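Peer 1: Data file protein-v3.cif (mmCIF, N, CA and C atoms) is appended below.
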data_final
#
loop_
_atom_site.label_atom_id
_atom_site.label_comp_id
_atom_site.auth_asym_id
_atom_site.auth_seq_id
_atom_site.Cartn_x
_atom_site.Cartn_y
_atom_site.Cartn_z
N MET A 1 126.66 95.50 11.06
CA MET A 1 127.50 95.60 9.82
C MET A 1 128.42 94.39 9.69
N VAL A 2 129.16 94.32 8.59
CA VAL A 2 130.08 93.21 8.37
C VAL A 2 129.33 91.88 8.19
N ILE A 3 129.85 91.01 7.32
CA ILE A 3 129.21 89.72 7.08
C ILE A 3 129.39 88.76 8.26
N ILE A 4 128.47 87.82 8.40
CA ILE A 4 128.53 86.84 9.49
C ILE A 4 129.64 85.83 9.25
N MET A 5 130.73 85.94 10.02
CA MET A 5 131.87 85.02 9.90
C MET A 5 131.39 83.61 9.58
N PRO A 6 132.15 82.89 8.74
CA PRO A 6 131.80 81.52 8.34
C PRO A 6 131.72 80.48 9.45
N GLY A 7 131.07 79.37 9.14
CA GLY A 7 130.96 78.28 10.10
C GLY A 7 129.85 78.40 11.11
N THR A 8 128.95 79.37 10.95
CA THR A 8 127.84 79.51 11.90
C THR A 8 126.50 79.53 11.18
N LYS A 9 125.43 79.33 11.93
CA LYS A 9 124.08 79.40 11.39
C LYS A 9 123.31 80.24 12.41
N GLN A 10 122.23 80.86 11.96
CA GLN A 10 121.43 81.74 12.81
C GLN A 10 120.17 81.05 13.32
N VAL A 11 119.91 81.15 14.63
CA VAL A 11 118.70 80.54 15.20
C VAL A 11 118.10 81.50 16.21
N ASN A 12 116.87 81.24 16.63
CA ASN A 12 116.28 82.09 17.64
C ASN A 12 116.80 81.70 19.02
N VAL A 13 117.07 82.71 19.84
CA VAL A 13 117.55 82.51 21.20
C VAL A 13 116.65 81.55 21.99
N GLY A 14 115.34 81.66 21.78
CA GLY A 14 114.39 80.82 22.48
C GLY A 14 114.45 79.35 22.09
N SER A 15 115.17 79.05 21.03
CA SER A 15 115.31 77.67 20.57
C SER A 15 116.58 77.01 21.13
N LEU A 16 117.45 77.79 21.74
CA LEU A 16 118.70 77.21 22.25
C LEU A 16 118.45 76.20 23.36
N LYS A 17 119.28 75.16 23.40
CA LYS A 17 119.13 74.10 24.39
C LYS A 17 120.42 73.94 25.19
N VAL A 18 120.27 73.71 26.49
CA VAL A 18 121.44 73.48 27.35
C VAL A 18 122.24 72.31 26.76
N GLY A 19 123.56 72.43 26.77
CA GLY A 19 124.39 71.36 26.23
C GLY A 19 124.70 71.50 24.74
N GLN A 20 123.96 72.39 24.07
CA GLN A 20 124.12 72.71 22.65
C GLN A 20 125.13 73.89 22.60
N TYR A 21 125.42 74.40 21.41
CA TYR A 21 126.43 75.45 21.28
C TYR A 21 125.91 76.81 20.79
N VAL A 22 126.67 77.87 21.07
CA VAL A 22 126.26 79.20 20.65
C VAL A 22 127.48 80.11 20.67
N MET A 23 127.49 81.12 19.81
CA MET A 23 128.59 82.09 19.79
C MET A 23 128.26 83.19 20.80
N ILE A 24 129.23 83.57 21.64
CA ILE A 24 129.00 84.65 22.60
C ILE A 24 130.24 85.52 22.53
N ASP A 25 130.05 86.78 22.18
CA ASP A 25 131.18 87.72 22.08
C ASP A 25 132.32 87.14 21.24
N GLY A 26 131.93 86.52 20.13
CA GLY A 26 132.86 85.94 19.17
C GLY A 26 133.52 84.64 19.59
N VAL A 27 133.12 84.08 20.72
CA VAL A 27 133.74 82.84 21.18
C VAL A 27 132.73 81.70 21.08
N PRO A 28 133.13 80.57 20.49
CA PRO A 28 132.21 79.43 20.36
C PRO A 28 132.09 78.79 21.74
N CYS A 29 130.85 78.64 22.23
CA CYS A 29 130.61 78.11 23.57
C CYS A 29 129.62 76.98 23.62
N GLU A 30 129.68 76.25 24.72
CA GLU A 30 128.72 75.18 25.01
C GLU A 30 127.82 75.82 26.08
N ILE A 31 126.51 75.74 25.87
CA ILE A 31 125.59 76.33 26.81
C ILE A 31 125.51 75.49 28.09
N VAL A 32 125.69 76.17 29.21
CA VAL A 32 125.64 75.48 30.50
C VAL A 32 124.42 75.87 31.27
N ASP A 33 123.85 77.03 30.97
CA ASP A 33 122.68 77.45 31.71
C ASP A 33 121.81 78.42 30.91
N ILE A 34 120.50 78.25 31.02
CA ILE A 34 119.54 79.13 30.34
C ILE A 34 118.43 79.48 31.34
N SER A 35 118.15 80.78 31.45
CA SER A 35 117.09 81.34 32.31
C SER A 35 116.21 82.16 31.36
N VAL A 36 114.89 82.02 31.46
CA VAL A 36 113.96 82.76 30.59
C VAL A 36 112.98 83.52 31.50
N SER A 37 112.79 84.80 31.23
CA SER A 37 111.91 85.63 32.06
C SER A 37 110.43 85.50 31.73
N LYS A 38 109.59 86.01 32.64
CA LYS A 38 108.16 86.00 32.42
C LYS A 38 107.93 86.94 31.24
N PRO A 39 106.85 86.74 30.48
CA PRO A 39 106.61 87.64 29.35
C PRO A 39 106.55 89.07 29.83
N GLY A 40 107.32 89.92 29.16
CA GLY A 40 107.39 91.33 29.50
C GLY A 40 106.12 91.96 30.00
N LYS A 41 105.21 92.21 29.07
CA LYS A 41 103.94 92.84 29.35
C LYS A 41 103.31 93.03 27.98
N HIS A 42 104.06 92.61 26.97
CA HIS A 42 103.65 92.70 25.59
C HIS A 42 103.82 91.30 24.98
N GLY A 43 104.35 90.39 25.78
CA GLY A 43 104.57 89.04 25.33
C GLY A 43 106.04 88.68 25.20
N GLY A 44 106.89 89.70 25.10
CA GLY A 44 108.32 89.47 24.96
C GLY A 44 108.97 88.91 26.21
N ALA A 45 109.98 88.07 26.03
CA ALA A 45 110.68 87.47 27.15
C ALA A 45 112.17 87.55 26.86
N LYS A 46 112.96 87.73 27.90
CA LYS A 46 114.41 87.78 27.79
C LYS A 46 114.95 86.43 28.26
N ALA A 47 116.10 86.03 27.73
CA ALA A 47 116.76 84.81 28.17
C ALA A 47 118.18 85.20 28.56
N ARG A 48 118.70 84.59 29.61
CA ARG A 48 120.07 84.82 30.00
C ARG A 48 120.71 83.49 29.64
N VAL A 49 121.73 83.56 28.79
CA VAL A 49 122.43 82.37 28.36
C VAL A 49 123.88 82.44 28.82
N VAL A 50 124.29 81.40 29.53
CA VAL A 50 125.64 81.29 30.06
C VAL A 50 126.34 80.12 29.38
N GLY A 51 127.56 80.38 28.90
CA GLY A 51 128.29 79.32 28.24
C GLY A 51 129.74 79.23 28.68
N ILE A 52 130.36 78.11 28.33
CA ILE A 52 131.77 77.87 28.60
C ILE A 52 132.42 77.67 27.24
N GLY A 53 133.58 78.27 27.02
CA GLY A 53 134.23 78.09 25.74
C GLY A 53 134.39 76.63 25.38
N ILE A 54 134.17 76.30 24.11
CA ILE A 54 134.35 74.95 23.64
C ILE A 54 135.84 74.63 23.68
N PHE A 55 136.63 75.59 23.20
CA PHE A 55 138.09 75.44 23.06
C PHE A 55 138.98 76.15 24.06
N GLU A 56 138.37 76.99 24.88
CA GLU A 56 139.08 77.77 25.88
C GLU A 56 138.24 77.74 27.15
N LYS A 57 138.89 77.59 28.29
CA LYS A 57 138.14 77.55 29.54
C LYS A 57 137.75 78.95 29.99
N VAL A 58 136.77 79.53 29.30
CA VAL A 58 136.33 80.87 29.64
C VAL A 58 134.82 80.90 29.75
N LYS A 59 134.30 81.70 30.67
CA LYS A 59 132.85 81.82 30.83
C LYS A 59 132.38 83.06 30.06
N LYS A 60 131.25 82.93 29.37
CA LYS A 60 130.67 84.03 28.62
C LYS A 60 129.17 83.98 28.84
N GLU A 61 128.50 85.12 28.72
CA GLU A 61 127.05 85.12 28.87
C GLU A 61 126.45 86.30 28.14
N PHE A 62 125.17 86.19 27.83
CA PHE A 62 124.46 87.30 27.21
C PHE A 62 123.01 87.26 27.66
N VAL A 63 122.34 88.39 27.52
CA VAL A 63 120.93 88.50 27.82
C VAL A 63 120.31 89.05 26.54
N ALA A 64 119.25 88.40 26.08
CA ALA A 64 118.62 88.86 24.85
C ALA A 64 117.20 88.35 24.73
N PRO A 65 116.37 89.02 23.89
CA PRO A 65 114.99 88.56 23.72
C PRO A 65 114.97 87.16 23.13
N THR A 66 114.04 86.34 23.59
CA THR A 66 113.97 84.99 23.07
C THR A 66 113.66 84.99 21.57
N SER A 67 113.04 86.06 21.06
CA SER A 67 112.71 86.13 19.64
C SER A 67 113.87 86.72 18.82
N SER A 68 114.97 87.08 19.49
CA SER A 68 116.11 87.64 18.76
C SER A 68 116.95 86.51 18.17
N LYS A 69 117.76 86.85 17.16
CA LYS A 69 118.60 85.86 16.48
C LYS A 69 120.01 85.81 17.08
N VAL A 70 120.66 84.66 16.96
CA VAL A 70 122.02 84.52 17.46
C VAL A 70 122.72 83.48 16.61
N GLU A 71 124.05 83.60 16.51
CA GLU A 71 124.88 82.68 15.74
C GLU A 71 125.29 81.48 16.56
N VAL A 72 125.26 80.30 15.94
CA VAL A 72 125.68 79.06 16.60
C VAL A 72 126.73 78.40 15.70
N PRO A 73 127.83 77.93 16.30
CA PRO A 73 128.86 77.29 15.48
C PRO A 73 128.39 75.93 14.99
N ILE A 74 128.67 75.61 13.73
CA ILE A 74 128.31 74.31 13.19
C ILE A 74 129.46 73.37 13.61
N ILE A 75 129.09 72.25 14.22
CA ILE A 75 130.06 71.27 14.71
C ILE A 75 130.26 70.15 13.71
N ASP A 76 131.51 69.83 13.37
CA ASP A 76 131.79 68.71 12.45
C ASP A 76 132.35 67.63 13.37
N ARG A 77 131.62 66.53 13.57
CA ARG A 77 132.11 65.48 14.46
C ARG A 77 132.86 64.49 13.62
N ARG A 78 134.13 64.30 13.94
CA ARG A 78 134.95 63.41 13.14
C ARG A 78 135.62 62.32 13.96
N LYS A 79 136.33 61.42 13.28
CA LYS A 79 137.05 60.34 13.97
C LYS A 79 138.49 60.34 13.49
N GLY A 80 139.40 60.03 14.41
CA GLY A 80 140.80 59.99 14.06
C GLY A 80 141.53 58.86 14.78
N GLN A 81 142.75 58.58 14.33
CA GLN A 81 143.57 57.56 14.97
C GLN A 81 144.79 58.31 15.47
N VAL A 82 145.16 58.08 16.72
CA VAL A 82 146.33 58.75 17.27
C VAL A 82 147.59 58.18 16.63
N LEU A 83 148.49 59.05 16.19
CA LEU A 83 149.74 58.59 15.60
C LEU A 83 150.89 58.87 16.56
N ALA A 84 150.76 59.93 17.35
CA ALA A 84 151.81 60.28 18.28
C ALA A 84 151.39 61.36 19.24
N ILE A 85 152.08 61.44 20.37
CA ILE A 85 151.84 62.50 21.35
C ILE A 85 153.19 63.09 21.73
N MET A 86 153.35 64.37 21.43
CA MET A 86 154.60 65.06 21.70
C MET A 86 154.36 66.46 22.24
N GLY A 87 155.00 66.78 23.36
CA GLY A 87 154.85 68.09 23.95
C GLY A 87 153.40 68.36 24.29
N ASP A 88 152.84 69.45 23.77
CA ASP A 88 151.45 69.77 24.06
C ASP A 88 150.50 69.48 22.91
N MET A 89 150.89 68.58 22.02
CA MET A 89 150.03 68.25 20.88
C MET A 89 149.90 66.76 20.61
N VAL A 90 148.71 66.36 20.19
CA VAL A 90 148.43 64.98 19.82
C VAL A 90 148.35 64.99 18.29
N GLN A 91 149.12 64.15 17.63
CA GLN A 91 149.02 64.11 16.17
C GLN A 91 148.08 62.97 15.80
N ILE A 92 147.09 63.26 14.97
CA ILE A 92 146.13 62.24 14.55
C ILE A 92 145.98 62.18 13.04
N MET A 93 145.40 61.09 12.56
CA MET A 93 145.13 60.93 11.14
C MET A 93 143.61 60.83 11.03
N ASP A 94 142.98 61.72 10.28
CA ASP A 94 141.52 61.67 10.14
C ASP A 94 141.19 60.35 9.41
N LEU A 95 140.18 59.64 9.88
CA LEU A 95 139.81 58.35 9.30
C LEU A 95 139.01 58.39 8.01
N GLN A 96 138.71 59.59 7.54
CA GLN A 96 137.98 59.73 6.30
C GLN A 96 138.89 60.30 5.19
N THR A 97 139.78 61.23 5.54
CA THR A 97 140.68 61.83 4.55
C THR A 97 142.11 61.28 4.58
N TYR A 98 142.46 60.61 5.67
CA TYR A 98 143.80 60.07 5.85
C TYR A 98 144.83 61.20 5.95
N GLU A 99 144.35 62.39 6.32
CA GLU A 99 145.20 63.56 6.51
C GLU A 99 145.57 63.57 7.98
N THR A 100 146.72 64.15 8.28
CA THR A 100 147.18 64.23 9.65
C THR A 100 147.02 65.67 10.14
N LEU A 101 146.71 65.83 11.42
CA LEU A 101 146.57 67.16 11.98
C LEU A 101 146.96 67.09 13.44
N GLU A 102 147.16 68.26 14.04
CA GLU A 102 147.57 68.41 15.43
C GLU A 102 146.44 68.98 16.27
N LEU A 103 146.24 68.42 17.46
CA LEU A 103 145.22 68.89 18.38
C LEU A 103 145.78 68.89 19.79
N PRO A 104 145.21 69.71 20.68
CA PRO A 104 145.68 69.75 22.06
C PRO A 104 145.44 68.40 22.75
N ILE A 105 146.23 68.12 23.78
CA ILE A 105 146.02 66.90 24.57
C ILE A 105 144.75 67.17 25.36
N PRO A 106 143.73 66.29 25.26
CA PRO A 106 142.44 66.42 25.95
C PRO A 106 142.47 66.24 27.47
N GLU A 107 141.37 66.60 28.11
CA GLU A 107 141.22 66.50 29.55
C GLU A 107 141.23 65.03 29.94
N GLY A 108 140.53 64.20 29.17
CA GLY A 108 140.50 62.78 29.44
C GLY A 108 141.52 62.08 28.56
N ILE A 109 142.52 61.46 29.18
CA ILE A 109 143.55 60.80 28.39
C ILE A 109 143.57 59.29 28.53
N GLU A 110 142.62 58.75 29.29
CA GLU A 110 142.54 57.30 29.50
C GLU A 110 142.42 56.61 28.15
N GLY A 111 143.41 55.78 27.82
CA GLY A 111 143.39 55.09 26.54
C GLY A 111 143.90 55.94 25.38
N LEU A 112 144.38 57.14 25.69
CA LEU A 112 144.92 58.03 24.66
C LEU A 112 146.32 57.53 24.37
N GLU A 113 146.51 56.91 23.21
CA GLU A 113 147.83 56.38 22.86
C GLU A 113 147.93 56.08 21.38
N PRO A 114 149.16 55.96 20.87
CA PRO A 114 149.33 55.67 19.45
C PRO A 114 148.46 54.46 19.08
N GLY A 115 147.71 54.58 17.99
CA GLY A 115 146.85 53.49 17.56
C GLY A 115 145.41 53.64 18.02
N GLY A 116 145.23 54.33 19.14
CA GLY A 116 143.90 54.54 19.67
C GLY A 116 143.03 55.36 18.74
N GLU A 117 141.71 55.20 18.90
CA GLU A 117 140.74 55.92 18.10
C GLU A 117 140.19 57.03 18.97
N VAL A 118 139.92 58.17 18.37
CA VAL A 118 139.38 59.30 19.10
C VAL A 118 138.26 59.95 18.28
N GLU A 119 137.32 60.57 18.98
CA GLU A 119 136.27 61.33 18.34
C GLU A 119 136.78 62.74 18.58
N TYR A 120 136.71 63.58 17.56
CA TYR A 120 137.17 64.95 17.70
C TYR A 120 136.25 65.85 16.89
N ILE A 121 136.22 67.12 17.24
CA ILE A 121 135.34 68.03 16.53
C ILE A 121 136.12 69.21 15.97
N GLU A 122 135.51 69.83 14.97
CA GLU A 122 136.01 71.04 14.36
C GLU A 122 134.82 71.97 14.42
N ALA A 123 135.05 73.20 14.84
CA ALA A 123 133.99 74.20 14.88
C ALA A 123 134.74 75.49 14.62
N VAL A 124 134.21 76.32 13.73
CA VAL A 124 134.82 77.59 13.35
C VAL A 124 136.34 77.57 13.24
N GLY A 125 136.85 76.50 12.64
CA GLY A 125 138.28 76.40 12.42
C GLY A 125 139.14 75.89 13.57
N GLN A 126 138.53 75.60 14.71
CA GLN A 126 139.29 75.09 15.85
C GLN A 126 138.96 73.63 16.10
N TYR A 127 139.89 72.90 16.71
CA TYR A 127 139.72 71.47 16.94
C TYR A 127 140.01 71.00 18.36
N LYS A 128 139.33 69.93 18.77
CA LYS A 128 139.58 69.35 20.09
C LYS A 128 139.11 67.90 20.10
N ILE A 129 139.83 67.03 20.81
CA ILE A 129 139.44 65.63 20.94
C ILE A 129 138.31 65.63 21.97
N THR A 130 137.22 64.94 21.69
CA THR A 130 136.09 64.93 22.61
C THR A 130 135.91 63.61 23.35
N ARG A 131 136.48 62.54 22.82
CA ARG A 131 136.37 61.26 23.51
C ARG A 131 137.38 60.24 23.00
N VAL A 132 137.90 59.42 23.91
CA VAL A 132 138.86 58.40 23.50
C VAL A 132 138.16 57.06 23.36
N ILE A 133 138.50 56.34 22.29
CA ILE A 133 137.95 55.03 21.97
C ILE A 133 136.56 55.14 21.36
#
Could you rewrite the structure in this file as structure tokens?

Peer 2:
Amino acid sequence: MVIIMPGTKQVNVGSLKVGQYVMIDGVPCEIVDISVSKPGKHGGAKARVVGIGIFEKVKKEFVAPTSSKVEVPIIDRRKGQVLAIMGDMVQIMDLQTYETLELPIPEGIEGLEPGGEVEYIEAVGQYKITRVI
């Protein structure tokens, strides 16, 4: 029931690829591991998919038929220029809209400084810097 929350697309479980993304228990995740079983006895196979939150350091997993459908978050890869770093937020200016927004300070901060360029993503309304320079 209920409509499929925005920002996702539906794909078959058997099409998922390690390193790609998928929604698990409502959390957008990056797939870290995929295990696929031998065909049932009718041809059906189950896949165990393990992911790590894109935006939260949490582990999630599911088991489902490879022919079943699942939601995957659509990733918007963008570029920004750092304007400032204060407290627990990095303020950046998107290089396409010239709008400013706030994002968490990333794991990798080498070269993270006012003026620097960063690649950042938006997925289901959340944001994170993915690479500096």

Peer 1: Using the chain letters and numbers from the file, which residues does the PyMOL selection byres ((chain A and resi 28) around 6) grab, as a list in words?

Peer 2: residues 22, 23, 24, 26, 27, 29, 30, 52, 53, 54 and 55 of chain A

Peer 1: In Å to one decimal, how far is atom C of residue 43 (chain A) from atom C of residue 65 (chain A)?

Peer 2: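 Those two atoms sit 9.3 Å apart.
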
Peer 1: Mind checking which residues fall within 6 Å of residue 63 (chain A), counting all atoms listed in the file, ignoring those fewer than 6 positions away in the same chain, and posting them as a PyMOL selection string?

Peer 2: chain A and resi 47-49

Peer 1: CA of residue 119 (chain A) and CA of residue 77 (chain A), how far apart in Å?

Peer 2: 7.0 Å

Peer 1: Would you compute the distance between atom N of residue 103 (chain A) and CA of residue 75 (chain A)? Give it in Å to one decimal.

Peer 2: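 Value for the atom N of residue 103 (chain A)-CA of residue 75 (chain A) distance: 16.7 Å.
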
Peer 1: Please evaluate the PyMOL selection byres (((chain A and resi 93 and name CA) around 7) and name CA) against the structure above and give the resulting residues as a ChimeraX atom specification.

Peer 2: /A:80-83,92,94-95,98-101

Peer 1: Name the residues of region 4-88 of chain A that fall into strand (DSSP E or B) according to DSSP on the backbone, using the chain letters and numbers of this document, as number ranges by chain.

Peer 2: A: 8-12, 21-24, 27-36, 46-53, 59-65, 69-73, 75-86

Peer 1: At most 8 Å from (115.5, 79.9, 23.2), file frame, only N, CA and C atoms: which residues, as an mmCIF file with N, CA and C atoms, keeping the file's coordinate frame?

Peer 2:
data_model
loop_
_atom_site.group_PDB
_atom_site.id
_atom_site.type_symbol
_atom_site.label_atom_id
_atom_site.label_comp_id
_atom_site.auth_asym_id
_atom_site.auth_seq_id
_atom_site.Cartn_x
_atom_site.Cartn_y
_atom_site.Cartn_z
ATOM 1 N N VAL A 11 119.910 81.150 14.630
ATOM 2 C CA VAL A 11 118.700 80.540 15.200
ATOM 3 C C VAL A 11 118.100 81.500 16.210
ATOM 4 N N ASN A 12 116.870 81.240 16.630
ATOM 5 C CA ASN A 12 116.280 82.090 17.640
ATOM 6 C C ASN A 12 116.800 81.700 19.020
ATOM 7 N N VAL A 13 117.070 82.710 19.840
ATOM 8 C CA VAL A 13 117.550 82.510 21.200
ATOM 9 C C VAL A 13 116.650 81.550 21.990
ATOM 10 N N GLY A 14 115.340 81.660 21.780
ATOM 11 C CA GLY A 14 114.390 80.820 22.480
ATOM 12 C C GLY A 14 114.450 79.350 22.090
ATOM 13 N N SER A 15 115.170 79.050 21.030
ATOM 14 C CA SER A 15 115.310 77.670 20.570
ATOM 15 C C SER A 15 116.580 77.010 21.130
ATOM 16 N N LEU A 16 117.450 77.790 21.740
ATOM 17 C CA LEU A 16 118.700 77.210 22.250
ATOM 18 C C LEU A 16 118.450 76.200 23.360
ATOM 19 N N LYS A 17 119.280 75.160 23.400
ATOM 20 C CA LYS A 17 119.130 74.100 24.390
ATOM 21 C C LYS A 17 120.420 73.940 25.190
ATOM 22 N N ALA A 47 116.100 86.030 27.730
ATOM 23 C CA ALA A 47 116.760 84.810 28.170
ATOM 24 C C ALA A 47 118.180 85.200 28.560
ATOM 25 N N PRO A 65 116.370 89.020 23.890
ATOM 26 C CA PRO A 65 114.990 88.560 23.720
ATOM 27 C C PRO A 65 114.970 87.160 23.130
ATOM 28 N N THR A 66 114.040 86.340 23.590
ATOM 29 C CA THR A 66 113.970 84.990 23.070
ATOM 30 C C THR A 66 113.660 84.990 21.570
ATOM 31 N N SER A 67 113.040 86.060 21.060
ATOM 32 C CA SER A 67 112.710 86.130 19.640
ATOM 33 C C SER A 67 113.870 86.720 18.820
#

Peer 1: Which residue out of A:121, A:44, A:105, A:91 has the minimum interatomic distance to residue 79 (chain A) when only N, CA and C atoms are used?

Peer 2: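 For residue 79 (chain A), the nearest of the given residues is A:121.
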
Peer 1: When distances are computed from only N, CA and C atoms, which of A:10, A:20, A:126, A:35 shows the smallest separation from residue 70 (chain A)?

Peer 2: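 Among the listed residues, A:10 lies closest to residue 70 (chain A).
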
Peer 1: Do you know which residues are at most 5 Å from residue 88 (chain A) counting all atoms listed in the file, after dropping those on the same chain fewer than 2 positions away, and could you put them as a PyMOL selection string?

Peer 2: chain A and resi 86+90+104-105

Peer 1: Just say which residues the PyMOL selection byres (((chain A and resi 7 and name CA) around 12) and name CA) picks in this file, as a list in words.

Peer 2: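 So the PyMOL selection byres (((chain A and resi 7 and name CA) around 12) and name CA), applied here, picks out residues 3, 4, 5, 6, 8, 9, 10, 22, 23, 28, 71, 72, 73, 74, 75, 76, 122, 123, 124, 125 and 126 of chain A.
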
Peer 1: Which neighbours of residue 130 (chain A) fall inside 8 Å, counting all atoms listed in the file, when residues of the same chain fewer than 4 positions from it are skipped, and could you give them as an MDAnalysis selection string?

Peer 2: chainID A and resid 106:108 118:121

Peer 1: Determine, counting all atoms listed in the file, which protein, DNA and RNA residues have an atom within 8 Å of an atom of residue 45 (chain A); residues of the same chain fewer than 5 positions away are not included. Present the result as number ranges by chain.

Peer 2: A: 36-40, 64-68

Peer 1: Go ahead and write the residues just picked, N, CA and C atoms, as an mmCIF file, in the coordinates of the input.

Peer 2:
data_model
loop_
_atom_site.group_PDB
_atom_site.id
_atom_site.type_symbol
_atom_site.label_atom_id
_atom_site.label_comp_id
_atom_site.auth_asym_id
_atom_site.auth_seq_id
_atom_site.Cartn_x
_atom_site.Cartn_y
_atom_site.Cartn_z
ATOM 1 N N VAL A 36 114.890 82.020 31.460
ATOM 2 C CA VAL A 36 113.960 82.760 30.590
ATOM 3 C C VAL A 36 112.980 83.520 31.500
ATOM 4 N N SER A 37 112.790 84.800 31.230
ATOM 5 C CA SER A 37 111.910 85.630 32.060
ATOM 6 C C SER A 37 110.430 85.500 31.730
ATOM 7 N N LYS A 38 109.590 86.010 32.640
ATOM 8 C CA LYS A 38 108.160 86.000 32.420
ATOM 9 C C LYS A 38 107.930 86.940 31.240
ATOM 10 N N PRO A 39 106.850 86.740 30.480
ATOM 11 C CA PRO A 39 106.610 87.640 29.350
ATOM 12 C C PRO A 39 106.550 89.070 29.830
ATOM 13 N N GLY A 40 107.320 89.920 29.160
ATOM 14 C CA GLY A 40 107.390 91.330 29.500
ATOM 15 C C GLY A 40 106.120 91.960 30.000
ATOM 16 N N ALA A 64 119.250 88.400 26.080
ATOM 17 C CA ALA A 64 118.620 88.860 24.850
ATOM 18 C C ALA A 64 117.200 88.350 24.730
ATOM 19 N N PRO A 65 116.370 89.020 23.890
ATOM 20 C CA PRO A 65 114.990 88.560 23.720
ATOM 21 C C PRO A 65 114.970 87.160 23.130
ATOM 22 N N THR A 66 114.040 86.340 23.590
ATOM 23 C CA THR A 66 113.970 84.990 23.070
ATOM 24 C C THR A 66 113.660 84.990 21.570
ATOM 25 N N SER A 67 113.040 86.060 21.060
ATOM 26 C CA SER A 67 112.710 86.130 19.640
ATOM 27 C C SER A 67 113.870 86.720 18.820
ATOM 28 N N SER A 68 114.970 87.080 19.490
ATOM 29 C CA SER A 68 116.110 87.640 18.760
ATOM 30 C C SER A 68 116.950 86.510 18.170
#

Peer 1: Using only N, CA and C atoms, collect all residues at a distance of at most 7 Å from (143.3, 55.1, 21.1) as written in the file, then present them as a ChimeraX atom specification.

Peer 2: /A:81-82,111-118,132-133
